[PDB]
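Below you'll find the structure, written out as structure tokens, and then a few comments.
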Amino acid sequence: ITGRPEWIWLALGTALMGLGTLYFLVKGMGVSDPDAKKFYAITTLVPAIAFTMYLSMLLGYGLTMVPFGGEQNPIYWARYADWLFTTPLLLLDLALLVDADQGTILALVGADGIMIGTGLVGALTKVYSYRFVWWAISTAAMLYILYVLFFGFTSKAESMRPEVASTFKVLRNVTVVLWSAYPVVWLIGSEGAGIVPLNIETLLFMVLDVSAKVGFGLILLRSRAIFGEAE
Amino acid sequence: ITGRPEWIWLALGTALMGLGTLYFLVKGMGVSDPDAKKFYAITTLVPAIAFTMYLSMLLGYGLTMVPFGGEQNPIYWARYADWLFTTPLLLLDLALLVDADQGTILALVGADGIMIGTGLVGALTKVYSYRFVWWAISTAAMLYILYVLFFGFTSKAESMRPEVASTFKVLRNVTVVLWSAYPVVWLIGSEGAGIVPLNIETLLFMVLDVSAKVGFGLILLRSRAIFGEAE
Amino acid sequence: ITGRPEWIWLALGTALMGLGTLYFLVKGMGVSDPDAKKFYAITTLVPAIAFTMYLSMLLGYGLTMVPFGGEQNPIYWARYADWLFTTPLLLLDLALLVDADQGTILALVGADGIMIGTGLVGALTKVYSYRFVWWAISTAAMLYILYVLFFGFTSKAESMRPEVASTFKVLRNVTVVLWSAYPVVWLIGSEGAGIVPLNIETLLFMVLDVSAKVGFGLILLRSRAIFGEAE
Ligand SMILES: CC(C)CCC[C@@H](C)CCC[C@@H](C)CCC[C@@H](C)CCOC[C@@H](CO)OCC[C@H](C)CCC[C@H](C)CCC[C@H](C)CCCC(C)C
Ligand SMILES: CC(C)CCC[C@@H](C)CCC[C@@H](C)CCC[C@@H](C)CCOC[C@@H](CO)OCC[C@H](C)CCC[C@H](C)CCC[C@H](C)CCCC(C)C
Ligand SMILES: CC(C)CCC[C@@H](C)CCC[C@@H](C)CCC[C@@H](C)CCOC[C@@H](CO)OCC[C@H](C)CCC[C@H](C)CCC[C@H](C)CCCC(C)C
Ligand SMILES: *C/C=C(C)/C=C/C=C(C)/C=C/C1=C(C)CCCC1(C)C
Ligand SMILES: *C/C=C(C)/C=C/C=C(C)/C=C/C1=C(C)CCCC1(C)C
Ligand SMILES: *C/C=C(C)/C=C/C=C(C)/C=C/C1=C(C)CCCC1(C)C
Ligand SMILES: CCCCCCCCCCCCCCC
Ligand SMILES: CCCCCCCCCCCCCCC
Ligand SMILES: CCCCCCCCCCCCCCC
Ligand SMILES: CCCCCCCCCCCCCCC
Ligand SMILES: CCCCCCCCCCCCCCC
Ligand SMILES: CCCCCCCCCCCCCCC
Ligand SMILES: CCCCCCCCCCCCCC
Ligand SMILES: CCCCCCCCCCCCCC
Ligand SMILES: CCCCCCCCCCCCC
Ligand SMILES: CCCCCCCCCCCCC
Ligand SMILES: CCCCCCCCCCCCC
Ligand SMILES: CCCCCCCCCCC
Ligand SMILES: CCCCCCCCCCC
Ligand SMILES: CCCCCCCCCCC
Ligand SMILES: CCCCCCCCCC
Ligand SMILES: CCCCCCCCCC
Ligand SMILES: CCCCCCCCCC
Ligand SMILES: CCCCCCCCC
Ligand SMILES: CCCCCCCCC
Ligand SMILES: CCCCCCCCC
Ligand SMILES: CCCCCCCC
Ligand SMILES: CCCCCCCC
Ligand SMILES: CCCCCCCC
Ligand SMILES: CCCCCCCC
Ligand SMILES: CCCCCCCC
Ligand SMILES: CCCCCCCC
Ligand SMILES: CCCCCCCC
């Protein structure tokens, strides 16, 4: 484990995702509202999945070597197995908050799968220049997601209860800022141009992951928007 | 790229799926009917997924070598990753058109997963004679799907609006004819008996894919069956 | 095939899953109740999936070698591909029986995915002591599932029709007893401590699989709880 300088950030990430999972699990014990139960189930699964994948990276299972640039490059593939399941769950939290229609939910989840799937292909591609073709396709899929979150959901939240509109607006802004950083870290990190070393890259993804999952969840599950209007 | 004679058909397929995706995306911009939005989302995702997998084959990522018959045989595995997601989406288009019940939808999607999954196992199997055992199981799963589309959905469409009944009947006939060709191309192509060479096999799958996805989508999204009855 | 002593139990399992699939398929022909169709579709898919994965193990495709303990250990990875899809389908049978809320269904299916996913990682892990870390995480996920089936569903079934309450109680008890045996067989078998040899381990999993899928299905599909109350 300790033979890799980035191990400290993988261990911290593992701990923070595990602690986040347990807090949400305990906090959700005393909840019977069927609407609130939906948000607790979605939001608790997110850091639980991330916990297992951070642990796999810490123990060395989620790491492979990819030859490109005449070098064997360490690629943590477990990140994409994490994101494949956690990013659509996070979008479902937002879509259920605004009572989005089914067709829009399917478009979001499908574009998200394309985003993560093409990012994985780009991470494992051995022809250096082709890695950035996949990065560009994946980034186009992300821009579609961000467009929908702004010019489809925002207008839908305003016609909703005030507390669900204000909570959505906050979580929307958090998501757009944090998610946009991921393609940048990829491009300048060891998967892309190799400007930033792997140990610093790992620290950046850990800060982003914890903020986008645990921080996101703390804002959502403390809001009254997750409960139905009741007397 | 150009070192493979089949590259021209992979490049054409990539272009036609990309163009198809963009047309459906633009055409769906001016749509607010929640029913129509469902069909546009399903139908636009189909060629978008196929685009990415054709590109992976063009660039050489979606290709592996499988030893059988005393030879290293080029097997494009990316086809099955495509079909795993696009064939159930196409069946969902048909099932939603006739307002199929949930139990029937689950049976269709499950049989479809078995069809594609066993076809993938057959494509990667190293014992030559066993490849055709998997082909037979996969073909049995397809025949179940075709039976349901005829002796379960057809009777349901007649009790529906006339425009949804006539549109379903057309898309049903297109699907049964085109899908039935796939097991035949597999059997006589490089995955099976090896009668037809890979470059011709690739041309045939490209014609079938574009027809079953883009051609299918053009018929559906030009129909009024996708809109609810409104004044 | 016959070069492996466990082949006899893989062949028996294949036959019993295939026969089970055909019986459920025939029995479900004469069913039009939309509620009953749901249970028949879920319950017939379970042994059909298991059939294909037992066949892959029989023919040698679903087997790999994992080095640990200074030895190349035969690991049947196809079991986890089976369980990944069949265990959530079995939980869906139970959840639909008691009309569970959506949030609870998602929590069950998500915990089940974590259970199977971490068990697969543990089966393929090359550092011997780490294999049991994954076993423990997977077992914690199972205990969560069992808790929900007892202290969330049981109370919900009592407020239901008497026949659905008594049928659920029976299937609940069958599930908790049979599922609990799996982590024990893993721990003492070739994936874990290696006390029980592989051929005996394979026999035990076959008895458990057939009972948990075909036996489970025979109890459910003979009950009147799967039909709506009708005159
Ligand atoms: C509606 C939305 C959900 C739609 C989703 C969008 C999606 C279509 C976007 C594209 C996804 C696609 C790129 C997934 C590729 C997975 C692949 C990286 C797995 C590893 O295989 C890659 C190479 C080794 O580098 O295999 C070496 C050769 C091996 C012999 C490969 C044989 C196994 C194949 C991988 C079998 C295909 C399985 C499916 C891809 C499983 C789904 C994986 C997940 C990442 C989507
Ligand atoms: C309700 C419906 C959706 C049900 C679906 C029906 C489905 C059950 C039908 C059978 C599907 C099954 C054959 C999928 C097999 C995937 C497999 C080809 C992936 C590549 O692995 C094959 C060998 C190399 O040749 O791995 C070499 C050895 C490696 C060490 C393998 C270890 C990884 C395992 C593959 C882990 C299992 C992952 C799941 C199979 C992922 C789903 C893939 C998709 C193709 C279903
Ligand atoms: C809501 C719920 C459904 C959530 C589900 C819970 C889930 C997150 C729990 C953890 C699942 C995770 C451990 C799955 C790992 C699959 C992995 C074993 C496949 C084989 O790859 C392992 C190594 C060889 O040993 O690959 C060698 C290196 C290769 C180069 C690997 C590159 C391919 C990657 C495997 C791509 C990721 C694909 C996804 C993991 C596909 C889903 C598989 C299924 C088992 C979940
Ligand atoms: C909890 C994890 C989250 C919210 C991860 C989000 C990840 C992304 C938005 C990743 C995006 C990428 C691109 C847009 C292209 C480059 C490759 C990716 C996958 C890093
Ligand atoms: C857009 C792609 C489509 C509609 C693909 C359809 C593919 C099939 C219907 C494939 C069927 C197969 C068999 C029936 C057995 C032989 C292997 C397959 C997977 C080619
Ligand atoms: C039809 C198959 C069924 C119902 C299989 C159930 C399997 C389990 C409940 C497996 C549980 C495991 C653990 C709890 C940890 C050890 C590894 C597993 C996956 C065997
Ligand atoms: C979206 C965030 C990207 C900003 C990356 C900042 C990295 C600064 C760290 C110093 C770079 C290390 C280079 C010298 C080793
Ligand atoms: C009462 C609110 C705080 C509860 C404690 C939460 C502990 C989980 C770890 C959170 C750290 C990361 C927060 C986002 C920066
Ligand atoms: C379902 C369509 C299958 C028909 C295949 C027709 C192939 C004819 C092309 C000529 C065969 C090439 C053999 C000589 C190289
Ligand atoms: C107005 C209808 C035609 C629009 C142009 C569609 C261009 C997408 C490519 C379609 C070619 C394949 C059609 C099926 C044979
Ligand atoms: C949950 C069931 C686990 C019980 C396992 C009993 C196995 C007894 C078979 C004899 C053990 C073989 C050891 C000598 C070869
Ligand atoms: C009339 C009920 C029996 C029908 C025959 C079922 C045959 C399928 C194989 C069942 C054997 C396994 C039963 C569970 C132990
Ligand atoms: C490729 C993996 C995608 C599945 C991720 C799991 C979450 C799915 C959310 C589905 C939302 C409901 C759509 C109607
Ligand atoms: C990782 C694979 C999980 C999917 C298994 C297929 C069954 C899914 C059941 C979904 C139940 C409905 C949830 C609302
Ligand atoms: C185009 C939709 C408007 C909202 C999206 C904001 C774009 C942020 C740019 C992200 C940069 C990634 C490289
Ligand atoms: C048996 C259901 C009737 C409709 C299915 C038509 C069968 C077409 C044969 C396909 C040939 C594939 C080898
Ligand atoms: C803790 C929830 C109560 C019901 C679960 C029964 C636990 C059975 C123990 C299984 C042993 C697996 C190692
Ligand atoms: C080795 C660098 C080659 C540059 C390729 C950049 C491709 C980016 C595509 C974005 C449209
Ligand atoms: C090398 C050819 C061996 C023939 C096997 C055919 C199997 C087909 C099974 C269809 C029932
Ligand atoms: C080689 C045996 C090492 C023992 C590790 C046991 C780990 C079990 C963790 C359960 C909390
Ligand atoms: C609940 C605390 C979980 C912390 C265990 C993971 C941290 C790795 C320490 C080496
Ligand atoms: C929108 C046009 C997309 C065409 C790019 C793919 C074709 C491959 C050319 C080499
Ligand atoms: C319907 C009977 C299915 C039996 C075939 C599988 C058994 C393997 C025999 C070698
Ligand atoms: C993106 C930063 C999240 C901050 C988490 C703190 C929330 C406390 C209510
Ligand atoms: C299967 C052939 C499809 C033909 C596509 C043309 C549709 C234009 C309306
Ligand atoms: C767990 C044992 C199941 C027994 C199956 C027999 C059911 C006949 C109704
Ligand atoms: C990490 C355990 C949390 C302790 C309870 C927090 C207040 C519900
Ligand atoms: C109005 C809410 C502002 C939230 C933005 C937070 C950016 C990290
Ligand atoms: C909408 C604000 C985008 C912020 C992008 C930050 C990328 C590091
Ligand atoms: C009555 C519609 C006929 C459609 C069949 C088209 C076959 C390619
Ligand atoms: C229902 C007509 C079937 C046509 C099969 C064509 C196979 C090449
Ligand atoms: C009251 C029903 C008892 C069922 C338990 C069966 C254990 C195999
Ligand atoms: C609730 C009874 C548990 C039985 C466990 C059996 C494990 C072999």
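Naming: A, B, ... by sequence-line order, numbering from 1 per chain. For the numbers below, each heavy atom of this structure counts, side chains included, while hydrogens, waters and symmetry mates do not.
- The 12-atom threshold is not exceeded at CD of A/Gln102, counting heavy atoms of other residues, nucleotides or ligands nearer than 6.0 Å.
- Residue C/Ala141 does not touch chain A at all, counting heavy-atom pairs closer than 4.5 Å.
- In this structure, A/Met65 places its CE atom where more than 12 heavy-atom neighbours from other residues, nucleotides or ligands lie under 6.0 Å away.
- For the options A/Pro34, A/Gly62, A/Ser56, heavy-atom pairs under 4.5 Å to chain C are most numerous at A/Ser56.
- Surrounding CZ of C/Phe227 are more than 12 heavy atoms belonging to other residues, nucleotides or ligands, all under 6.0 Å away.
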>> With side chain to side chain contact (heavy atoms under 4.5 Å, CB included) as the criterion, how do C/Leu106 and A/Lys38 come out once you've worked through the C-alpha distance, each side chain's angles and the decisive distance to 0.1 Å?
In response: CA-CA 8 Å; C/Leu106 191 78; A/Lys38 277 188 299 179; over 6 Å; no
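- Counting heavy-atom pairs closer than 4.5 Å to chain C, the top residue among A/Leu25, A/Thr52, A/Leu59 is A/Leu59.
- Rounding to the nearest 0.5 Å gives a distance of 14.0 Å between OG1 of C/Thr104 and OH of A/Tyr40.
- Environment of CZ in A/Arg161: crowded, with over 12 heavy atoms of neighbouring residues, nucleotides or ligands closer than 6.0 Å.
- Within the model, atoms CG of A/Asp33 and CG of C/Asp101 stand 10.0 Å from one another, a figure rounded to the nearest 0.5 Å.
- Interface check for chain A: of the options C/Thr118, C/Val133, C/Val121, the most heavy-atom pairs under 4.5 Å are formed by C/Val121.
- Of the atoms belonging to C/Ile137, it is side-chain heavy atoms, and not backbone ones, that fall under 4.5 Å from chain A.
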> Do A/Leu55 and C/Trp134 pass the side chain to side chain contact (heavy atoms under 4.5 Å, CB included) test, and can you show the C-alpha distance, the side-chain angles, and the key distance before you say yes or no?
Replying inline: CA-CA 10 Å; A/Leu55 182 62; C/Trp134 294 110; 3.8 Å; yes
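- Contacts of C/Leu124 with chain A are made by both backbone and side-chain atoms, with heavy-atom separations under 4.5 Å.
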